[PDB]
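J.: Below is start-v5.tsv; it holds TSV, C-alpha atoms.
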chain	number	residue	atom	x	y	z
Q	1	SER	CA	-48.24	77.02	76.60
Q	2	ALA	CA	-45.32	78.51	74.67
Q	3	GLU	CA	-44.74	81.02	71.86
Q	4	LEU	CA	-41.16	81.76	70.79
Q	5	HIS	CA	-41.15	83.90	67.66
Q	6	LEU	CA	-38.14	85.93	66.57
Q	7	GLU	CA	-38.34	89.03	64.36
Q	8	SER	CA	-35.47	90.64	62.45
Q	9	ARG	CA	-36.67	94.16	61.64
Q	10	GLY	CA	-33.45	94.59	59.68
Q	11	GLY	CA	-32.11	92.32	56.97
Q	12	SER	CA	-28.33	92.43	57.02
Q	13	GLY	CA	-25.20	94.02	55.59
Q	14	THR	CA	-26.44	97.41	56.74
Q	15	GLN	CA	-23.24	97.95	58.71
Q	16	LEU	CA	-23.87	96.51	62.17
Q	17	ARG	CA	-23.18	98.98	64.99
Q	18	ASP	CA	-21.13	97.64	67.83
Q	19	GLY	CA	-24.28	96.72	69.65
Q	20	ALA	CA	-27.38	97.26	67.46
Q	21	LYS	CA	-29.47	94.22	67.81
Q	22	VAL	CA	-31.44	92.52	65.06
Q	23	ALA	CA	-33.72	89.69	66.21
Q	24	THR	CA	-35.93	90.33	69.25
Q	25	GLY	CA	-38.14	87.31	69.97
Q	26	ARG	CA	-40.45	86.65	72.92
Q	27	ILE	CA	-41.03	83.95	75.50
Q	28	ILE	CA	-44.28	83.07	77.33
Q	29	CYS	CA	-44.78	81.08	80.53
Q	30	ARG	CA	-47.34	80.32	83.27
Q	31	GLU	CA	-45.77	78.04	85.90
Q	32	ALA	CA	-43.78	78.14	89.16
Q	33	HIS	CA	-40.23	79.32	88.39
Q	34	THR	CA	-38.01	82.40	88.44
Q	35	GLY	CA	-36.61	82.42	84.93
Q	36	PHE	CA	-37.09	82.43	81.18
Q	37	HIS	CA	-34.85	79.96	79.36
Q	38	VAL	CA	-33.84	80.82	75.77
Q	39	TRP	CA	-31.09	79.79	73.30
Q	40	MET	CA	-29.64	80.64	69.87
Q	41	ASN	CA	-28.54	77.17	68.69
Q	42	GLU	CA	-25.33	78.66	67.26
Q	43	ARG	CA	-22.86	76.60	69.30
Q	44	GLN	CA	-21.13	78.64	72.01
Q	45	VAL	CA	-18.06	80.67	72.91
Q	46	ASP	CA	-16.15	79.97	76.13
Q	47	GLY	CA	-19.21	78.37	77.71
Q	48	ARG	CA	-21.89	80.68	79.10
Q	49	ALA	CA	-25.45	80.94	77.69
Q	50	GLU	CA	-25.68	84.71	77.92
Q	51	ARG	CA	-23.90	87.12	75.53
Q	52	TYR	CA	-22.24	84.73	73.06
Q	53	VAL	CA	-20.80	85.21	69.57
Q	54	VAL	CA	-22.71	83.38	66.86
Q	55	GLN	CA	-21.58	82.31	63.41
Q	56	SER	CA	-23.11	82.58	59.94
Q	57	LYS	CA	-24.51	79.83	57.70
Q	58	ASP	CA	-21.75	79.67	55.08
Q	59	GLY	CA	-19.11	79.10	57.78
Q	60	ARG	CA	-16.97	82.16	57.01
Q	61	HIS	CA	-18.04	84.90	59.44
Q	62	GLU	CA	-19.44	85.57	62.91
Q	63	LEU	CA	-22.36	87.75	63.97
Q	64	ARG	CA	-22.03	88.87	67.59
Q	65	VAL	CA	-25.14	89.02	69.75
Q	66	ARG	CA	-26.37	90.06	73.20
Q	67	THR	CA	-29.48	88.78	75.01
Q	68	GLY	CA	-29.30	86.10	77.68
Q	69	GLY	CA	-27.19	88.49	79.63
Q	70	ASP	CA	-28.82	91.86	79.40
Q	71	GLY	CA	-29.69	91.22	83.01
Q	72	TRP	CA	-30.79	87.56	82.67
Q	73	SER	CA	-29.41	84.80	84.88
Q	74	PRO	CA	-27.16	81.87	83.84
Q	75	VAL	CA	-29.27	78.73	83.96
Q	76	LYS	CA	-28.51	75.05	83.31
Q	77	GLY	CA	-29.69	74.81	79.73
Q	78	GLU	CA	-28.95	71.75	77.59
Q	79	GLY	CA	-26.63	72.42	74.68
Q	80	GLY	CA	-24.31	74.77	76.53
Q	81	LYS	CA	-26.40	77.88	75.85
Q	82	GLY	CA	-29.51	78.74	77.85
Q	83	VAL	CA	-30.03	81.36	80.57
Q	84	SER	CA	-33.04	82.75	82.37
Q	85	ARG	CA	-34.17	86.13	83.46
Q	86	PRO	CA	-37.26	86.60	85.60
Q	87	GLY	CA	-39.56	84.03	84.06
Q	88	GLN	CA	-42.71	83.85	86.19
Q	89	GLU	CA	-43.41	86.85	83.98
Q	90	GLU	CA	-46.21	86.12	81.49
Q	91	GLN	CA	-43.85	86.81	78.62
Q	92	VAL	CA	-40.68	88.77	77.85
Q	93	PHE	CA	-39.49	89.55	74.36
Q	94	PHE	CA	-35.72	89.39	74.44
Q	95	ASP	CA	-33.71	91.40	71.97
Q	96	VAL	CA	-30.46	90.10	70.54
Q	97	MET	CA	-27.91	92.91	70.43
Q	98	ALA	CA	-25.46	92.30	67.65
Q	99	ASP	CA	-22.12	93.40	69.04
Q	100	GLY	CA	-20.79	94.47	65.65
Q	101	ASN	CA	-18.83	97.73	65.39
Q	102	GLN	CA	-17.95	98.20	61.69
Q	103	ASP	CA	-19.76	95.80	59.33
Q	104	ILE	CA	-20.86	92.17	59.42
Q	105	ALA	CA	-19.00	90.28	56.70
Q	106	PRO	CA	-21.28	89.51	53.70
Q	107	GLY	CA	-23.16	86.23	53.53
Q	108	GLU	CA	-26.02	84.66	55.47
Q	109	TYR	CA	-26.35	83.95	59.18
Q	110	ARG	CA	-28.82	81.59	60.86
Q	111	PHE	CA	-30.03	82.01	64.42
Q	112	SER	CA	-32.38	79.56	66.12
Q	113	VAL	CA	-34.33	80.63	69.22
Q	114	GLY	CA	-35.93	78.46	71.86
Q	115	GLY	CA	-37.18	80.10	75.00
Q	116	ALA	CA	-38.78	77.28	76.99
Q	117	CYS	CA	-39.56	79.50	79.98
Q	118	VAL	CA	-39.84	76.44	82.24
Q	119	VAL	CA	-36.86	74.89	84.03
Q	120	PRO	CA	-37.31	71.30	85.35
Q	121	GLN	CA	-35.60	70.58	88.67
Q	122	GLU	CA	-35.45	68.07	91.53
Q	123	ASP	CA	-39.10	68.34	92.58
Q	124	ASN	CA	-41.48	66.00	94.40
Q	125	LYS	CA	-44.32	65.76	91.87
Q	126	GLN	CA	-44.53	67.32	88.41
Q	127	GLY	CA	-45.01	66.48	84.74
Q	128	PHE	CA	-42.18	66.43	82.22
Q	129	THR	CA	-41.43	68.83	79.37
Q	130	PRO	CA	-37.71	68.92	78.50
Q	131	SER	CA	-37.78	70.34	74.98
Q	132	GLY	CA	-38.59	74.04	75.07
Q	133	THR	CA	-39.71	76.09	72.10
Q	134	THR	CA	-37.69	76.41	68.88
Q	135	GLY	CA	-37.21	79.19	66.41
Q	136	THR	CA	-35.17	80.43	63.47
Q	137	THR	CA	-33.70	83.82	62.54
Q	138	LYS	CA	-31.25	84.20	59.69
Q	139	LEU	CA	-29.51	87.43	58.67
Q	140	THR	CA	-29.20	87.83	54.91
Q	141	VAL	CA	-26.09	89.87	54.22
Q	142	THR	CA	-25.08	91.08	50.75
For this file, produce the structure as structure tokens.

T.:
Amino acid sequence: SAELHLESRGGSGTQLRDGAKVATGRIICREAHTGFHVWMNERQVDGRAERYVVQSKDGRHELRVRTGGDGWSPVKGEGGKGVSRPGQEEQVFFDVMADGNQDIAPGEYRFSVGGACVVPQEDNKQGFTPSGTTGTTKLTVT
């Protein structure tokens, strides 16, 4: 069972404060593990999976974000990004703190979530589900 749904209470171009988030989705689990695994799908900076600067949709601006590193834990997540915080938890809605500080250049940004919650590892016996949820979240700036 999984349910990754983002929600941007604020559109965009409203002058992003150095941190002020935007999209706070939520992950849901129910299996043996110690972490929630989520992503943004917006490539990656340096190579972490936690706090990582995302780009827009018209390739001309970046929209900083914070989430997989509030207090989460860096986990081996396909596609560079992907970190987990306590997961065994039934569900944790993670907020994405836009590390702005001034104003986020006009245009549109697209952010795709995907908090699987489960992390496959070298185990004796167990099924197979290496896909994890998927979600969108675009910031319309004008």

J.: Please, what distance in Å, to one decimal, runs between atom CA of residue Q:137 and atom CA of residue Q:111?

T.: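 Spanning atom CA of residue Q:137 to atom CA of residue Q:111 is a straight-line distance of 4.5 Å.
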
J.: Could you pull the residues within 9 Å of residue Q:86, counting all atoms listed in the file, minus those fewer than 5 positions along the same chain, as a list in words?

T.: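 The neighbour list is residues 33, 34, 35, 36, 72, 73 and 92 of chain Q.
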
J.: Compile the contact shell of residue Q:50 as a ChimeraX atom specification: residues with an atom at most 8 Å away, counting only C-alpha atoms, same-chain residues fewer than 2 positions apart removed.

T.: /Q:48,52,66-70,72-74,81-83

J.: Please return the centre and edge lengths, in Å to one decimal, of a box with edges along x, y and z that contains all listed atoms of stretch 54-62 of chain Q, widened by 3 Å on every side, as lines of an AutoDock Vina configuration file.

T.:
center_x = -20.7
center_y = 82.3
center_z = 61.0
size_x = 13.5
size_y = 12.5
size_z = 17.8

J.: Rank Q:63, Q:28, Q:105, Q:20 by their smallest atom-to-atom distance to residue Q:88, using all atoms listed in the file, and report the top residue only.

T.: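 Closest residue, counting all atoms listed in the file: Q:28.
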
J.: Near residue Q:120, counting all atoms listed in the file, which residues have an atom at most 10 Å away, once you skip same-chain residues fewer than 4 positions from it, shown as a ChimeraX atom specification?

T.: /Q:33,76,126-130

J.: Restricting the calculation to all atoms listed in the file, which member of Q:37, Q:51, Q:42, Q:64 is positioned closest to residue Q:100?

T.: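 Checking each candidate against residue Q:100, we get Q:64 as the closest.
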
J.: Point out the residue among Q:47, Q:13, Q:132, Q:79 with the least atom-to-atom distance to residue Q:108, counting all atoms listed in the file.

T.: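 Among Q:47, Q:13, Q:132, Q:79, it is Q:13 that comes nearest to residue Q:108.
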
J.: Can you work out which one of Q:140, Q:15, Q:102, Q:1 has the shortest atom-to-atom distance to residue Q:116, counting all atoms listed in the file?

T.: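 Nearest to residue Q:116: Q:1.
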
J.: Work out how far apart atom CA of residue Q:119 and atom CA of residue Q:57 are and give it in Å to one decimal.

T.: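 That distance, rounded to one decimal, is 29.5 Å.
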
J.: What does the structure give for the distance between atom CA of residue Q:30 and atom CA of residue Q:131, in Å to one decimal?

T.: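 Atom CA of residue Q:131 lies at a distance of 16.1 Å from atom CA of residue Q:30.
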
J.: With all atoms listed in the file as the basis for distance, which of Q:106, Q:8, Q:90, Q:99 is at the shortest distance from residue Q:60?

T.: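 Counting all atoms listed in the file, the residue closest to residue Q:60 is Q:106.
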
J.: So, counting only C-alpha atoms, which residue among Q:59, Q:40, Q:71, Q:122 is closest to residue Q:24?

T.: Q:40

J.: Please determine the residues with any atom at most 12 Å from (-45.5, 82.7, 67.6) (coordinates as given in the file, with all atoms listed in the file counting) and report them as a short mmCIF file (atom, residue, chain, number, x, y, z; two decimals) with C-alpha atoms, in the frame of the given file.

T.:
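Now in result-v3.cif:
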data_model
loop_
_atom_site.label_atom_id
_atom_site.label_comp_id
_atom_site.auth_asym_id
_atom_site.auth_seq_id
_atom_site.Cartn_x
_atom_site.Cartn_y
_atom_site.Cartn_z
CA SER Q 1 -48.24 77.02 76.60
CA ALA Q 2 -45.32 78.51 74.67
CA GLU Q 3 -44.74 81.02 71.86
CA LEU Q 4 -41.16 81.76 70.79
CA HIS Q 5 -41.15 83.90 67.66
CA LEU Q 6 -38.14 85.93 66.57
CA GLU Q 7 -38.34 89.03 64.36
CA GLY Q 25 -38.14 87.31 69.97
CA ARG Q 26 -40.45 86.65 72.92
CA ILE Q 27 -41.03 83.95 75.50
CA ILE Q 28 -44.28 83.07 77.33
CA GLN Q 91 -43.85 86.81 78.62
CA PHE Q 93 -39.49 89.55 74.36
CA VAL Q 113 -34.33 80.63 69.22
CA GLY Q 114 -35.93 78.46 71.86
CA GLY Q 115 -37.18 80.10 75.00
CA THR Q 133 -39.71 76.09 72.10
CA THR Q 134 -37.69 76.41 68.88
CA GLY Q 135 -37.21 79.19 66.41
CA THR Q 136 -35.17 80.43 63.47
#
